[PDB]
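Colleague: One structure coming up, written as structure tokens, with questions to follow.
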Amino acid sequence: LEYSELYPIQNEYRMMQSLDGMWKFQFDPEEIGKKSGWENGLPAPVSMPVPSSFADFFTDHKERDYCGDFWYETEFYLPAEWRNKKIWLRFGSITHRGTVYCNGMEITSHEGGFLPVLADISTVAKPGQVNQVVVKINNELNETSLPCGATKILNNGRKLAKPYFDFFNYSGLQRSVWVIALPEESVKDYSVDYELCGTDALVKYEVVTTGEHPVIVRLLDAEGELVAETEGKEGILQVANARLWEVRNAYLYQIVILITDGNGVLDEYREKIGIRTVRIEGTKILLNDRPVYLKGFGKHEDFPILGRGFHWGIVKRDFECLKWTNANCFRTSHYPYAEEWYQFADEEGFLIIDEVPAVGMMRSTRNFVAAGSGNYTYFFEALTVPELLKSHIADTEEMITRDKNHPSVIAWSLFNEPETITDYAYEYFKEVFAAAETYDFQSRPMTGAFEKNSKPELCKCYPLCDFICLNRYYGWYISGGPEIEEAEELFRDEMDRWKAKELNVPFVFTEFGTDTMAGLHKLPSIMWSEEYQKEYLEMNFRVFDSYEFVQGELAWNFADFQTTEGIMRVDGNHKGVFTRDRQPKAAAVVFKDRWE
Amino acid sequence: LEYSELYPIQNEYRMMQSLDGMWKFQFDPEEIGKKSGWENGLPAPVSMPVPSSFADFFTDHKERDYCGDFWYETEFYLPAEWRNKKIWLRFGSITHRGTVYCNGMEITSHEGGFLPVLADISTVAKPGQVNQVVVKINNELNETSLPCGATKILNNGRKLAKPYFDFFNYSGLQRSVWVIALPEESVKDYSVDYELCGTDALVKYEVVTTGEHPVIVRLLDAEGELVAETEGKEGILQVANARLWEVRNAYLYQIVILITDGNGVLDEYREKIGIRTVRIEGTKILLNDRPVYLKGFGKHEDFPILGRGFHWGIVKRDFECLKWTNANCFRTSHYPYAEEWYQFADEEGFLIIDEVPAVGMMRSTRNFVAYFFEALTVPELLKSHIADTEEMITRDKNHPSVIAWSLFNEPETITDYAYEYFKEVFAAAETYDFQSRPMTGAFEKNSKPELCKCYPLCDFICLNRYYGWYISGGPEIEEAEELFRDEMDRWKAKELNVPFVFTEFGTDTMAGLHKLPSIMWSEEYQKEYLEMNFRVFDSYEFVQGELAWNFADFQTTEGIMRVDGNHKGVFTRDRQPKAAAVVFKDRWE
Ligand SMILES: O=C(O)[C@H]1CNC[C@@H](O)[C@@H]1O
Ligand SMILES: O=C(O)[C@H]1CNC[C@@H](O)[C@@H]1O
């Protein structure tokens, strides 16, 4: 990467100033902004909170559902004392793609809506003056970038996003924005990897800087005491009597990376890390050499009004709920979350399966969204797939570079419900997995979540995985309700087929659930009732517990969340175990009791 | 005040750095923190978001309902360049009262949970180093500070807040926290007042600085062009062809206040202001010399999970909803809101009645929960009330949106004791408001026209009435209407020649509860109740505003009369319209 993914810090060498607040915002349905000079200021803006998704503020459909180009603008005073620094705009994300301007000048563009965008404004920044940032953003969906979908043009020319995925197309500036100042020679990246040696541990590391001066690396314990120190851009820190980062029992050291010229220090980067190992051994997931059974949820970045907008309050409530259920794990379904989620998981000892936004790659869904009105003959995969692969690999590189040093991150999920039953899909995913392994200094477990279409007899992609994640809805989409006994039979039949393959890898259920409307009670239960959610879960548990190789269960979903409206979604997806405002349905206690 | 209320800005002379984020937090049930060195760091903290109310994060009752002392801590790196600036911690608020420590040193304490707390850390700050802030906060309720209530001790020593007010006792660090740097000689306060002269306007001003150097004041238009400039700490800016700030049609100038040393500038303060006048003339409320009828709501700072935690997203959605209803006004029931609400109202052309947290001043409700103004604690309560009033007015006076001060909500007013008490509050408010804009308060039904001693203090009279809810509801709604008209006929007979505004009326309404014929609590009854109230309002010429209770469902103390908070919202807590929202939209159009 031609920029650093490192989270920004404030110290003697590095400065940061938040640009969060009310920005100026303007929709550009006619796509006239750039030729009209909007990069120098929006002509008729409204106010827009940052961070937030824009959609749910408005009271009219066309603004909520807006699809196309739209622009953000703000101004900030740059301290004069930042003069002799490399000055960057850092967006937590720009959803889905955008071009950043500063003081009227084009700085950078980015594709991918869920990872940081770094824009080097050093050459146009005006220290000791007010500066301007303008961002052109686009939220259309296509088949050459993630997540996948289509864009429909309505009779009036109005665009409408048509996802191939089951979540609302929230977009905008959904995460915090900073302007930061770095030393001219700085720490750009580092990687740690761990080895356990009895009571001791080794922290292997690499550091990438933007210069040639010597590097010193120190490790401090949770009290700030020096426990190890070495020199060089590559090395090993030896930690006596190491306090390991444990599941639901975190311990964090602080790594301190210094660039020196002998006379003094040029840069200092510090970050909390946790000494822990993760590996797959047969059907076991080993954390610090001991098996762990994953218990938790797929989540979303989703909350009323804010949409995917980041807020520490959502983090705090969600973790309190997670702990109350006795969970130990979540998957970042279906995109990398704001960095703060991982920082907090590190502190709380939660395990994370970190997922790239490779969702929407199922052919039947694509075809369905094309058949709506209307198309049944024209598709061009041969042309788009190579471009999609490039985008997928780029997002993977960005995710892993951003997240690798979190002790919480124990696995990469490289897809959710793609086509996997052709040799072509194998060749596609082989490249993604190869890239992931190359970018991950730890070479930690890699996986993806498979839809039921990936039958054990047909799937060509599970051998790429270190463990296999299954999304299954036996008792919801398949043989629901009065047919639930048949659902259980079908589920056991499938798992018997997996069993007979004797793959000797762990299986984790990454999704299972039922839409459940809080307050819908029925005796006997019906699909959509709270009681049916409980019974469905009990049936699933009986199945899970029948197979030795099943080593985790992440329910879909932690909480009800927003989707595109339609005949199958009653104000979003109601498969939450909690409501959207984070309160438990009856099924939450079922998990609490089982996971205790 | 021995600190500035001015909103922090970043320029050549002034710096600011946000301390928002995850803070360290610890409950102190045994009240031993200050005995045990907690001001130097909390011994066993958990993480707590700031800004937010703490209560709704937790999954256990005792943490949610915690009442007593509790502590916050964070660390921040102070840029070396801030050396020899006056360095302050600025808390948007500390709810309800607290003591601020920095680097282990006690800095200041504050009583009052809804206005800024400024702590001068100049003498203990360590530029170019990590610094520490620790805050001891207390959220108990008493009868000597606002808002009023009691604190109960359960047989195991556990405290429980017992409000005399109908909102949940949210507390903590509910607004953003900044550390800021100011010049040694700085602009501490300023005030503007307006006069309309045909197509022109005068902006009268006063500036208070911390030194003796000359001051220059400039006024820029919305494009940044200079339209007026004058010298002196007191003066008049003459604006040719002034673009007035109008209801639902704002225009904002920027005032620029410079302290000069002859060849250089020592400080610069800038803020957006709007040229507008407000006055009460007979039974009319005049905005820029034209009558305006107030249409809108009482609100709260209240949202799921965050509690009273400030977020611009809540502001944006709420204003979009307000505009969709064709409202023009809200009251900051029952405490000053985060400053950002007023900044936004200024931009959107909304009118605000700014209310100090003088709620819970009732003897009935006090006596039940636990002669209010006859209690020996009263002299102390008065001091607290006046202090909060001074702070509110000093903070908010320069917002064009703020057109009135509400100095109480539902106190006792029917004795001479109450009159003497409020006379002092109103006199103080008048001294603090450079504009002398209208002062009022919201009266409960117990303040009968024959008995109330306090309405004469008010420039206009605000009534909270629940004829058709607490009085003769449901099958008795026709009786309710008669009783309402009887009361209003009694007010009319006084011939006071002042405007009346209804600052509350509403019905608890469960979203989705439908009934034909309607019942109390149904969406249909909310509509019928409102229609009845409108008929009454429209029968009296002197009624010049209606602010419904409430904009949105909001959190209260648990109890047999509150079904997950107060459901008198016209919108749900997540800001979606009940059937009644359309009724307001159509009427207010
Ligand atoms: O249909 C569902 O509820 C789920 C199916 N698997 C993918 C999820 O994104 C989706 O939400
Ligand atoms: O009872 C009610 O609904 C209201 C009565 N007047 C005061 C409000 O705070 C309260 O919420």
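In the structure tokens, each chain is lettered A, B, ... as it comes, each chain's residues begin at 1, and ligands are numbered from 1 in order of appearance.
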If DSSP is run on the backbone, what residues of region 9-68 of chain A are helix (DSSP H, G or I)? A reply as a PyMOL selection string would be ideal.

Modeller: chain A and resi 38-40+55-57+61-64

Colleague: Can you pull out every residue with an atom within 7 Å of ligand 1? Use only C-alpha atoms and all ligand atoms and format it as a list in words.

Modeller: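 Using only C-alpha atoms and all ligand atoms, everything at most 7 Å from ligand 1 comes to residues 165, 166, 167, 417, 471, 511, 556, 573 and 575 of chain A.
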
Colleague: How would you write, as a PyMOL selection string, the set of residues no farther than 10 Å from ligand 2 when counting only C-alpha atoms and all ligand atoms?

Modeller: chain B and resi 164-167+298-300+333-334+359-360+409-410+442-445+463-466+469-470+503-508+549-550+553-556+561-562+565-569

Colleague: Using only C-alpha atoms, I'd like a table of the residues in chain B that come within 9 Å of chain A; for each, show the closest atom pair and its distance in Å rounded to one decimal, ordered by chain and ascending number, as JSON lines.

Modeller:
```
{"residue": "B:10", "atom": "CA", "partner": "A:77", "partner_atom": "CA", "distance": 6.2}
{"residue": "B:11", "atom": "CA", "partner": "A:77", "partner_atom": "CA", "distance": 6.1}
{"residue": "B:12", "atom": "CA", "partner": "A:128", "partner_atom": "CA", "distance": 6.3}
{"residue": "B:15", "atom": "CA", "partner": "A:79", "partner_atom": "CA", "distance": 8.2}
{"residue": "B:16", "atom": "CA", "partner": "A:17", "partner_atom": "CA", "distance": 8.8}
{"residue": "B:17", "atom": "CA", "partner": "A:17", "partner_atom": "CA", "distance": 6.9}
{"residue": "B:18", "atom": "CA", "partner": "A:18", "partner_atom": "CA", "distance": 7.4}
{"residue": "B:21", "atom": "CA", "partner": "A:312", "partner_atom": "CA", "distance": 6.9}
{"residue": "B:22", "atom": "CA", "partner": "A:312", "partner_atom": "CA", "distance": 7.0}
{"residue": "B:47", "atom": "CA", "partner": "A:316", "partner_atom": "CA", "distance": 7.9}
{"residue": "B:48", "atom": "CA", "partner": "A:316", "partner_atom": "CA", "distance": 7.3}
{"residue": "B:49", "atom": "CA", "partner": "A:312", "partner_atom": "CA", "distance": 5.6}
{"residue": "B:50", "atom": "CA", "partner": "A:312", "partner_atom": "CA", "distance": 8.0}
{"residue": "B:51", "atom": "CA", "partner": "A:313", "partner_atom": "CA", "distance": 8.5}
{"residue": "B:52", "atom": "CA", "partner": "A:313", "partner_atom": "CA", "distance": 7.0}
{"residue": "B:56", "atom": "CA", "partner": "A:317", "partner_atom": "CA", "distance": 7.5}
{"residue": "B:57", "atom": "CA", "partner": "A:317", "partner_atom": "CA", "distance": 4.5}
{"residue": "B:58", "atom": "CA", "partner": "A:320", "partner_atom": "CA", "distance": 6.2}
{"residue": "B:59", "atom": "CA", "partner": "A:320", "partner_atom": "CA", "distance": 6.5}
{"residue": "B:76", "atom": "CA", "partner": "A:10", "partner_atom": "CA", "distance": 8.2}
{"residue": "B:77", "atom": "CA", "partner": "A:11", "partner_atom": "CA", "distance": 6.1}
{"residue": "B:78", "atom": "CA", "partner": "A:11", "partner_atom": "CA", "distance": 8.2}
{"residue": "B:79", "atom": "CA", "partner": "A:12", "partner_atom": "CA", "distance": 7.3}
{"residue": "B:80", "atom": "CA", "partner": "A:12", "partner_atom": "CA", "distance": 7.8}
{"residue": "B:81", "atom": "CA", "partner": "A:81", "partner_atom": "CA", "distance": 7.5}
{"residue": "B:128", "atom": "CA", "partner": "A:12", "partner_atom": "CA", "distance": 6.4}
{"residue": "B:129", "atom": "CA", "partner": "A:12", "partner_atom": "CA", "distance": 7.8}
{"residue": "B:130", "atom": "CA", "partner": "A:11", "partner_atom": "CA", "distance": 8.1}
{"residue": "B:304", "atom": "CA", "partner": "A:581", "partner_atom": "CA", "distance": 6.6}
{"residue": "B:305", "atom": "CA", "partner": "A:313", "partner_atom": "CA", "distance": 7.1}
{"residue": "B:306", "atom": "CA", "partner": "A:313", "partner_atom": "CA", "distance": 6.3}
{"residue": "B:311", "atom": "CA", "partner": "A:49", "partner_atom": "CA", "distance": 8.6}
{"residue": "B:312", "atom": "CA", "partner": "A:49", "partner_atom": "CA", "distance": 5.6}
{"residue": "B:313", "atom": "CA", "partner": "A:49", "partner_atom": "CA", "distance": 5.6}
{"residue": "B:314", "atom": "CA", "partner": "A:305", "partner_atom": "CA", "distance": 7.5}
{"residue": "B:315", "atom": "CA", "partner": "A:49", "partner_atom": "CA", "distance": 8.8}
{"residue": "B:316", "atom": "CA", "partner": "A:57", "partner_atom": "CA", "distance": 6.2}
{"residue": "B:317", "atom": "CA", "partner": "A:57", "partner_atom": "CA", "distance": 4.5}
{"residue": "B:318", "atom": "CA", "partner": "A:57", "partner_atom": "CA", "distance": 8.2}
{"residue": "B:319", "atom": "CA", "partner": "A:57", "partner_atom": "CA", "distance": 9.0}
{"residue": "B:320", "atom": "CA", "partner": "A:58", "partner_atom": "CA", "distance": 6.2}
{"residue": "B:321", "atom": "CA", "partner": "A:59", "partner_atom": "CA", "distance": 6.9}
{"residue": "B:324", "atom": "CA", "partner": "A:59", "partner_atom": "CA", "distance": 7.0}
{"residue": "B:574", "atom": "CA", "partner": "A:304", "partner_atom": "CA", "distance": 6.6}
{"residue": "B:575", "atom": "CA", "partner": "A:305", "partner_atom": "CA", "distance": 8.3}
```

Colleague: Determine which residues of region 349-404 of chain A receive a DSSP assignment of strand (DSSP E), computed from the backbone, and state them as a list in words.

Modeller: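 The strand (DSSP E) subset of region 349-404 of chain A is residues 351, 352, 353, 354 and 355 of chain A.
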
Colleague: Taking only C-alpha atoms into account, name the residue in A:144, A:132, A:230, A:169 that is nearest to residue 255 (chain A).

Modeller: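 Among A:144, A:132, A:230, A:169, it is A:230 that comes nearest to residue 255 (chain A).
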
Colleague: Write out as a list in words which residues come within 10 Å of residue 446 (chain B) when counting only C-alpha atoms, dropping same-chain ones fewer than 2 positions away.

Modeller: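 In the requested format, the answer is residues 362, 364, 410, 411, 412, 413, 414, 443, 444, 448, 449, 451 and 452 of chain B.
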
Colleague: Please identify all polymer residues within 9 Å of residue 288 (chain A), counting only C-alpha atoms, omitting same-chain residues fewer than 2 positions from it, and present them as a PyMOL selection string.

Modeller: chain A and resi 196+244-246+275-279+286+290-291

Colleague: Restricted to N, CA, C and O atoms, what would the selected residues look like written as a PDB file, in the first residue's frame?

Modeller:
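Dumped everything to part-v4.pdb:
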```pdb
ATOM      1  N   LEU A 196       4.900 -19.627  21.623  1.00  0.00           N
ATOM      2  CA  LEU A 196       4.862 -19.907  23.052  1.00  0.00           C
ATOM      3  C   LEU A 196       5.967 -20.891  23.412  1.00  0.00           C
ATOM      4  O   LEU A 196       6.124 -21.925  22.762  1.00  0.00           O
ATOM      5  N   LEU A 244      -0.315 -14.308  28.780  1.00  0.00           N
ATOM      6  CA  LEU A 244      -0.993 -14.515  27.508  1.00  0.00           C
ATOM      7  C   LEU A 244      -2.354 -13.857  27.462  1.00  0.00           C
ATOM      8  O   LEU A 244      -3.049 -13.743  28.472  1.00  0.00           O
ATOM      9  N   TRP A 245      -2.714 -13.409  26.268  1.00  0.00           N
ATOM     10  CA  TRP A 245      -4.046 -12.921  25.987  1.00  0.00           C
ATOM     11  C   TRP A 245      -4.943 -14.146  25.876  1.00  0.00           C
ATOM     12  O   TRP A 245      -4.673 -15.034  25.072  1.00  0.00           O
ATOM     13  N   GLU A 246      -5.967 -14.223  26.723  1.00  0.00           N
ATOM     14  CA  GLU A 246      -6.811 -15.415  26.776  1.00  0.00           C
ATOM     15  C   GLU A 246      -8.240 -15.061  26.431  1.00  0.00           C
ATOM     16  O   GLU A 246      -8.660 -13.911  26.581  1.00  0.00           O
ATOM     17  N   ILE A 275      -0.322 -11.309  23.344  1.00  0.00           N
ATOM     18  CA  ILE A 275       0.416 -12.513  23.008  1.00  0.00           C
ATOM     19  C   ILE A 275      -0.510 -13.715  23.054  1.00  0.00           C
ATOM     20  O   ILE A 275      -1.001 -14.109  24.118  1.00  0.00           O
ATOM     21  N   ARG A 276      -0.762 -14.284  21.883  1.00  0.00           N
ATOM     22  CA  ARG A 276      -1.649 -15.430  21.770  1.00  0.00           C
ATOM     23  C   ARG A 276      -1.353 -16.155  20.472  1.00  0.00           C
ATOM     24  O   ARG A 276      -0.947 -15.542  19.484  1.00  0.00           O
ATOM     25  N   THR A 277      -1.550 -17.466  20.461  1.00  0.00           N
ATOM     26  CA  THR A 277      -1.415 -18.219  19.221  1.00  0.00           C
ATOM     27  C   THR A 277      -2.746 -18.828  18.821  1.00  0.00           C
ATOM     28  O   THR A 277      -3.591 -19.133  19.674  1.00  0.00           O
ATOM     29  N   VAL A 278      -2.931 -18.985  17.516  1.00  0.00           N
ATOM     30  CA  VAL A 278      -4.119 -19.627  16.992  1.00  0.00           C
ATOM     31  C   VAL A 278      -3.681 -20.611  15.944  1.00  0.00           C
ATOM     32  O   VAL A 278      -2.896 -20.283  15.054  1.00  0.00           O
ATOM     33  N   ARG A 279      -4.165 -21.837  16.048  1.00  0.00           N
ATOM     34  CA  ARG A 279      -3.913 -22.774  14.975  1.00  0.00           C
ATOM     35  C   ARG A 279      -4.985 -23.833  14.937  1.00  0.00           C
ATOM     36  O   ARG A 279      -5.702 -24.045  15.915  1.00  0.00           O
ATOM     37  N   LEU A 286      -7.324 -24.268  18.162  1.00  0.00           N
ATOM     38  CA  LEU A 286      -6.478 -24.121  19.342  1.00  0.00           C
ATOM     39  C   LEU A 286      -6.109 -22.665  19.585  1.00  0.00           C
ATOM     40  O   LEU A 286      -5.488 -22.024  18.733  1.00  0.00           O
ATOM     41  N   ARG A 290      -4.814 -24.690  23.480  1.00  0.00           N
ATOM     42  CA  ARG A 290      -5.978 -25.354  24.063  1.00  0.00           C
ATOM     43  C   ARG A 290      -7.185 -25.176  23.150  1.00  0.00           C
ATOM     44  O   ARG A 290      -7.403 -24.085  22.615  1.00  0.00           O
ATOM     45  N   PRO A 291      -7.993 -26.234  22.980  1.00  0.00           N
ATOM     46  CA  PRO A 291      -9.179 -26.086  22.129  1.00  0.00           C
ATOM     47  C   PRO A 291     -10.138 -25.040  22.666  1.00  0.00           C
ATOM     48  O   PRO A 291     -10.329 -24.903  23.870  1.00  0.00           O
TER      49      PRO A 291
END
```

Colleague: Ranking B:234, B:541, B:185, B:200 by minimum distance to residue 86 (chain B) and counting only C-alpha atoms, which one comes first?

Modeller: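 Of B:234, B:541, B:185, B:200, the one nearest residue 86 (chain B), counting only C-alpha atoms, is B:185.
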
Colleague: If we count only C-alpha atoms, what is near residue 557 (chain A) at a cut-off of 9 Å, once residues fewer than 3 positions away on the same chain are taken out, given as an MDAnalysis selection string?

Modeller: chainID A and resid 297:300 511:513 554 560:561 573:578

Colleague: Restricting it to N, CA, C and O atoms, dump the selection as a JSON list (two decimals), in the first residue's frame.

Modeller:
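Now in selection_18.json:
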```json
[["chain", "number", "residue", "atom", "x", "y", "z"],
["A", 297, "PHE", "N", -22.04, -14.73, 17.58],
["A", 297, "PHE", "CA", -22.97, -14.22, 16.59],
["A", 297, "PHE", "C", -22.27, -13.66, 15.38],
["A", 297, "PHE", "O", -21.13, -13.21, 15.46],
["A", 298, "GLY", "N", -22.98, -13.65, 14.26],
["A", 298, "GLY", "CA", -22.72, -12.64, 13.25],
["A", 298, "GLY", "C", -23.39, -11.35, 13.70],
["A", 298, "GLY", "O", -24.48, -11.37, 14.28],
["A", 299, "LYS", "N", -22.73, -10.23, 13.44],
["A", 299, "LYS", "CA", -23.28, -8.92, 13.76],
["A", 299, "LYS", "C", -23.51, -8.12, 12.49],
["A", 299, "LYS", "O", -23.57, -8.68, 11.39],
["A", 300, "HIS", "N", -23.71, -6.82, 12.66],
["A", 300, "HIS", "CA", -23.67, -5.85, 11.56],
["A", 300, "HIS", "C", -23.20, -4.55, 12.19],
["A", 300, "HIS", "O", -23.15, -4.44, 13.42],
["A", 511, "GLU", "N", -24.00, -19.17, 10.53],
["A", 511, "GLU", "CA", -25.36, -18.64, 10.52],
["A", 511, "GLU", "C", -26.36, -19.75, 10.72],
["A", 511, "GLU", "O", -26.21, -20.84, 10.17],
["A", 512, "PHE", "N", -27.39, -19.42, 11.47],
["A", 512, "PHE", "CA", -28.60, -20.21, 11.66],
["A", 512, "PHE", "C", -29.51, -19.28, 12.45],
["A", 512, "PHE", "O", -29.04, -18.55, 13.34],
["A", 513, "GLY", "N", -30.79, -19.26, 12.12],
["A", 513, "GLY", "CA", -31.71, -18.37, 12.81],
["A", 513, "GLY", "C", -33.07, -18.35, 12.16],
["A", 513, "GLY", "O", -33.27, -18.97, 11.12],
["A", 554, "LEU", "N", -22.09, -19.57, 15.65],
["A", 554, "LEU", "CA", -22.33, -18.14, 15.65],
["A", 554, "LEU", "C", -23.71, -17.95, 15.06],
["A", 554, "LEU", "O", -23.96, -18.22, 13.88],
["A", 560, "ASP", "N", -31.62, -7.55, 15.26],
["A", 560, "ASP", "CA", -32.40, -7.18, 14.09],
["A", 560, "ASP", "C", -31.71, -6.03, 13.39],
["A", 560, "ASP", "O", -31.19, -5.13, 14.06],
["A", 561, "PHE", "N", -31.75, -6.01, 12.06],
["A", 561, "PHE", "CA", -30.98, -5.02, 11.32],
["A", 561, "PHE", "C", -31.66, -4.63, 10.01],
["A", 561, "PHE", "O", -32.53, -5.35, 9.52],
["A", 573, "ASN", "N", -34.38, -7.29, 8.75],
["A", 573, "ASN", "CA", -34.18, -8.69, 9.07],
["A", 573, "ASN", "C", -34.43, -8.86, 10.55],
["A", 573, "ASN", "O", -33.84, -8.15, 11.37],
["A", 574, "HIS", "N", -35.34, -9.77, 10.91],
["A", 574, "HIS", "CA", -35.71, -10.00, 12.29],
["A", 574, "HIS", "C", -35.15, -11.28, 12.87],
["A", 574, "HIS", "O", -35.68, -11.81, 13.86],
["A", 575, "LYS", "N", -34.05, -11.77, 12.29],
["A", 575, "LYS", "CA", -33.38, -12.92, 12.88],
["A", 575, "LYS", "C", -32.54, -12.58, 14.09],
["A", 575, "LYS", "O", -31.86, -13.45, 14.65],
["A", 576, "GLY", "N", -32.56, -11.32, 14.53],
["A", 576, "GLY", "CA", -31.87, -10.97, 15.75],
["A", 576, "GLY", "C", -32.28, -11.79, 16.95],
["A", 576, "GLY", "O", -33.45, -12.14, 17.13],
["A", 577, "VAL", "N", -31.31, -12.10, 17.78],
["A", 577, "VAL", "CA", -31.55, -12.63, 19.10],
["A", 577, "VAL", "C", -31.93, -11.47, 20.04],
["A", 577, "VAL", "O", -32.69, -11.64, 20.99],
["A", 578, "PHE", "N", -31.37, -10.30, 19.74],
["A", 578, "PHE", "CA", -31.76, -9.03, 20.35],
["A", 578, "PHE", "C", -32.51, -8.19, 19.33],
["A", 578, "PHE", "O", -32.35, -8.35, 18.11]]
```

Colleague: As an exercise, work out the distance from CA of residue 206 (chain B) to CA of residue 3 (chain B) in Å and give it to one decimal place.

Modeller: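 It comes out at 16.9 Å.
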
Colleague: What lies within 10 Å of residue 7 (chain A) using only C-alpha atoms, ignoring chain neighbours under 2 positions off, as a PyMOL selection string?

Modeller: chain A and resi 4-5+9+90+92+116+269-271+339-340+402-403

Colleague: Can you work out the spacing between CA of residue 225 (chain B) and CA of residue 254 (chain B) in Å, to one decimal?

Modeller: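 Spanning CA of residue 225 (chain B) to CA of residue 254 (chain B) is a straight-line distance of 9.6 Å.
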
Colleague: May I have the residues within 6 Å of residue 121 (chain B) as a list in words, using only C-alpha atoms and disregarding those fewer than 4 positions away in the same chain?

Modeller: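 Selected residues are residues 87, 88 and 125 of chain B.
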
Colleague: Limited to N, CA, C and O atoms, could you put the picked residues into a file as a PDB file, in the first residue's frame?

Modeller:
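Final file, result-v9.pdb:
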```pdb
ATOM      1  N   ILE B  87      -4.791  27.037  29.604  1.00  0.00           N
ATOM      2  CA  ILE B  87      -5.284  25.726  29.216  1.00  0.00           C
ATOM      3  C   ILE B  87      -6.451  25.314  30.101  1.00  0.00           C
ATOM      4  O   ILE B  87      -6.356  25.355  31.331  1.00  0.00           O
ATOM      5  N   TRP B  88      -7.552  24.934  29.463  1.00  0.00           N
ATOM      6  CA  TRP B  88      -8.779  24.604  30.171  1.00  0.00           C
ATOM      7  C   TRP B  88      -9.313  23.262  29.725  1.00  0.00           C
ATOM      8  O   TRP B  88      -9.271  22.930  28.539  1.00  0.00           O
ATOM      9  N   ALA B 125      -0.977  21.686  33.993  1.00  0.00           N
ATOM     10  CA  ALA B 125      -0.836  21.065  32.686  1.00  0.00           C
ATOM     11  C   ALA B 125       0.635  20.833  32.359  1.00  0.00           C
ATOM     12  O   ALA B 125       1.498  21.625  32.739  1.00  0.00           O
TER      13      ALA B 125
END
```

Colleague: For CA of residue 543 (chain B) and CA of residue 486 (chain B), determine how far apart the two atoms are, in Å to one decimal place.

Modeller: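 Separation of CA of residue 543 (chain B) and CA of residue 486 (chain B): 14.9 Å.
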
Colleague: Which one is closest to residue 182 (chain A): A:254, A:84, A:416, A:384? Count only C-alpha atoms.

Modeller: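 The closest residue to residue 182 (chain A) is A:84.
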
Colleague: Which is closest to residue 101 (chain B) among B:131, B:384, B:26, B:557, if we use only C-alpha atoms?

Modeller: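 Of B:131, B:384, B:26, B:557, the one nearest residue 101 (chain B), counting only C-alpha atoms, is B:131.
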